[PDB]
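Taking it in order: structure first as structure tokens, then the write-up.
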Amino acid sequence: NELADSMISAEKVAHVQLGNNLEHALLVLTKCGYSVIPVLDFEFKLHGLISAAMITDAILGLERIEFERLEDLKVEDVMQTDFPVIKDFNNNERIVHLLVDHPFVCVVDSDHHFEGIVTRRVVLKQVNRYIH
Amino acid sequence: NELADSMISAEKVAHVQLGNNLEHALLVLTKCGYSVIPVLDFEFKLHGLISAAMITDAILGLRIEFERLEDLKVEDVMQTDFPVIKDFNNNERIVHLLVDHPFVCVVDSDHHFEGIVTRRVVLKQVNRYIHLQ
Ligand SMILES: Nc1ncnc2c1ncn2[C@@H]1O[C@@H]2COP(=O)(O)O[C@H]3[C@@H](O)[C@H](n4cnc5c(N)ncnc54)O[C@@H]3COP(=O)(O)O[C@H]2[C@H]1O
Ligand SMILES: Nc1ncnc2c1ncn2[C@@H]1O[C@@H]2COP(=O)(O)O[C@H]3[C@@H](O)[C@H](n4cnc5c(N)ncnc54)O[C@@H]3COP(=O)(O)O[C@H]2[C@H]1O
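Chains as they are written, first to last, in this note's numbering: chain A, 5 to 136; chain B, 9 to 141.
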């Protein structure tokens, strides 16, 4: 229902490049402001999602949060790999069902090439539009 | 509408307390799994919202300076300008805020924190409507 024409194009999407370390990923997360962003390789294929909580949980020590380890771990060590996806817009009831539990959903082609995202905000804008 | 009945009760909402340091706030954020949560005082008054993004941005030097986490208080970085629900008389205002806020706190007239209203409850009704045709 014209969620297709609303998808946030991949090139406007903040992301972390695969292979980067967690120090770098924290920097990208902090600068862009977004709490969960996708992880891509140099061909812009989607491998996972990353957040600050994923990074911090991975450096929890027995006495302190071991930040010195941020340099040593890479984003693929801690990124989330099981996450829903959209391959086409012929099933946009699925998008809405999905958005109930996921702030955004990645859309990809058959080769898992990252096309962009659909966000809750897109839907809620339309809901507020039909009431007022 | 039924928006009132679907509020998440306060006892189910993770929060950090005033006066703690930024390291404490990170541990709570990381442990509870939510990325933005309220800041309450010892009487359950609502004072702010805090995320890891606010925390890390506050120690972002010229490199991130994690050593200052023990010296900064949550009230030094928490967000203090945010909307709140006082009543459920104007629920189309609640739909309007969810456009730009993943959740909105509801308070009583003394700013005691009573719970939150999340985008998720509106999205469920949307999904329900489409399932009925
Ligand atoms: N820089 C900004 N400008 C304006 N509003 C902002 C904003 N940052 C956050 N918000 C508001 O906060 C909501 C939650 O953002 P969060 O980063 O947790 O979660 C976001 C974020 O993780 C991801 N996302 C959205 N846009 C993105 C982008 N350009 N790049 C990367 N990720 C994005 O999708 C989730 C849902 O986004 P949605 O827009 O529905 O909902 C957003 C948006 O309504
Ligand atoms: N344990 C869990 N079980 C089921 N689903 C989970 C979950 N943790 C996260 N999610 C899903 O992820 C969405 C975004 O969560 P986030 O922590 O960014 O953003 C959350 C968080 O900042 C806050 N929030 C919601 N419930 C909370 C709670 N019990 N305590 C503290 N904050 C909460 O309101 C935002 C919107 O929450 P909403 O439920 O609309 O949307 C949630 C929820 O649908």
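Positions of the beta carbon are idealized from the N, C-alpha and C atoms, including for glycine.
* Asked: Which class does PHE111 of chain B belong to by DSSP, given the choice of helix, strand or coil?
  -> strand
* Counting pairs of beta carbons, one from the segment 101-121 of chain A and one from the segment 45-63 of chain A, are three or more of them closer than 8 Å? -> yes
* Which class does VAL17 of chain A belong to by DSSP, given the choice of helix, strand or coil? -> coil
* Asked: Under the rule that 16 or more other beta-carbon atoms within 10 Å means buried, what is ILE124 of chain B, buried or exposed?
  -> buried
* To do: Have a look at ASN96 of chain A and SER39 of chain A and give me their C-alpha separation to the nearest angstrom.
  => 25 Å
* **Min CB distance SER43 of chain B to chain A below 7 Å** => yes
* Note down the Cα distance separating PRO88 of chain A from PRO107 of chain A, rounded to an integer number of angstroms. => About 11 Å.
* **Whole alpha helix (DSSP H) elements within the segment 47-103 of chain B, 4-residue minimum** => Restricting attention to alpha helix (DSSP H) runs no shorter than 4 residues, the segment 47-103 of chain B encloses them at 60-66, 82-85, ordered along the chain.
* To do: Report the neighbours of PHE71 of chain A on chain B: residues whose CB is nearer than 7 Å to its CB, in chain order.
  => Listed along chain B are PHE74, each with a C-beta nearer than 7 Å to that of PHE71 of chain A.
* Return the CA-CA distance between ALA62 of chain A and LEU30 of chain A, expressed in angstroms with no decimal places. => Near 13 Å, if we compare the C-alpha coordinates of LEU30 of chain A and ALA62 of chain A.
* Asked: Are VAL21 of chain B and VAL47 of chain B touching if we call contact CB-CB under 7 Å?
  -> no
* Per DSSP, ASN28 of chain B is paired with what? -> Bridge partners of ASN28 of chain B: none, in fact.
* Asked: Taking the C-alpha atoms as reference points, what is the distance between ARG128 of chain B and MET15 of chain B?
  -> 11 Å
* What residues in the segment 96-130 of chain A bring their beta carbon closer than 8 Å to a beta carbon of chain B? -> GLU97, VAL100, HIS101, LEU103, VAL104, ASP105, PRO107, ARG124, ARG125, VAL127, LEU128, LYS129
* the segment 61-86 of chain B: positions lying closer than 7 Å to chain A by Cβ -> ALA61, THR64, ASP65, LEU68, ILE72, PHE74
* Please name the residues in the segment 13-37 of chain A whose beta-carbon is closer than 8 Å to at least one beta-carbon of chain B, in chain order. => Residues of the segment 13-37 of chain A whose Cβ lies closer than 8 Å to any Cβ of chain B, in chain order: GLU27, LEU30, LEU31, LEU33, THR34, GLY37.
* Asked: What first and last residue would you give for the beta strand (DSSP E) that runs through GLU10 of chain B?
  -> Judged by DSSP secondary structure, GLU10 of chain B falls outside any beta strand (DSSP E); it is assigned neither H nor E.
* Quick one: is the Cβ of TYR42 of chain B within less than 6 Å of any heavy atom of ligand 1? -> no
* Asked: What do you reckon, are the CB atoms on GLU31 of chain B and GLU73 of chain B nearer than 7 Å?
  -> no
* **Proximity test, Cβ basis, 7 Å: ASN132 of chain A and chain B** => yes
* Compare the C-beta of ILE54 of chain A with all C-beta atoms of chain B and state if any pair is closer than 7 Å. => No, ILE54 of chain A lies away from the interface with chain B (no Cβ there is under 7 Å from its Cβ).
* **For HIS117 of chain A, three-class secondary structure by DSSP** => Taken through DSSP and simplified to helix, strand or coil, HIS117 of chain A comes out as strand.
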